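2 protein chains.
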Amino acid sequence: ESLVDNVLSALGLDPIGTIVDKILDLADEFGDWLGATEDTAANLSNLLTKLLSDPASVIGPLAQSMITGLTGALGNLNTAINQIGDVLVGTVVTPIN
Amino acid sequence: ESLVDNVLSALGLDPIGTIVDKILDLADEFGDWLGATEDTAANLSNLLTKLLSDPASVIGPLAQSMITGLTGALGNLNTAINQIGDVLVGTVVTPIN
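If you read the sequences in order, they're chains x and v.
So for the first sequence, the deposited numbering puts the first residue at 343; every next one is plus one.
So for the second sequence, the deposited numbering puts the first residue at 343; every next one is plus one.
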């Protein structure tokens, strides 16, 4: 009885009733435990597979600054375009390349 | 014996044999439980660490449209180049900037 009581207390349910009822509650708790474990494993596997194959749905929008050098390249191109525009009207500026 | 049988049924295995055999099967089932739990935890930790450090292998290819403003910046640059090409031969167009 004490083994059943301590196990049920550890797993969460409050044991009230006969030993048979406590054993049935313990079996139901282990069933829920199995469900939780299997669902966690399946979710992890599915998330891994989706992140490998199609990351668009799982991953939300992200800032350009997270990409390495994207902001630098965009700034370089924009400054090159601006310098191309400016030289034709004057305002001598340091060339980029 | 009913506690043993109900626990075994909850964990999945069908209890057939003596009490000793059922207990041994129960012990093997908990060993597999331990393996599953530890493997799930280790896989989650490894996935988190790899996704933090090197996201290349884990994350598959993704569409440019997922990045915020990347398609807009590329379109703006391409339209600027096209306008630069067009103005020199005519076809008056609204300047971008």
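Even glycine gets a Cβ: it sits at the ideal position worked out from N, Cα and C.
Distance between residue j and residue i (C-alpha atoms, nearest Å)
i	j	result
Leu389/v	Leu412/x	26 angstroms
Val434/x	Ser407/v	37 angstroms
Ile423/x	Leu386/x	47 angstroms
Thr421/v	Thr421/x	16 angstroms
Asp396/v	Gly377/x	33 angstroms
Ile401/x	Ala415/v	21 angstroms
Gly432/v	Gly432/x	22 angstroms
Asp374/x	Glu343/x	22 angstroms
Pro403/x	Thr436/v	32 angstroms
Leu393/x	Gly417/v	28 angstroms
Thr382/x	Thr382/v	8 angstroms
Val429/v	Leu430/x	13 angstroms
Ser399/v	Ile409/x	16 angstroms
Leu345/v	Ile365/x	6 angstroms
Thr391/v	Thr391/x	17 angstroms
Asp363/v	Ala384/v	32 angstroms
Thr379/v	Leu419/x	51 angstroms
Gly359/x	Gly359/v	30 angstroms
With 16 other Cβ atoms within 10 Å as the buried cut-off, status of residue i
i	result
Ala405/x	exposed
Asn439/x	exposed
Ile361/x	exposed
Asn348/v	buried
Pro357/x	buried
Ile426/x	exposed
Mind listing, in chain order, the continuous alpha helix (DSSP H) runs of no fewer than 4 residues lying wholly within the stretch 405-431 of chain x?
412-429
Any 3 or more C-beta pairs closer than 8 angstroms across the stretch 363-371 of chain x and the stretch 344-364 of chain v
yes
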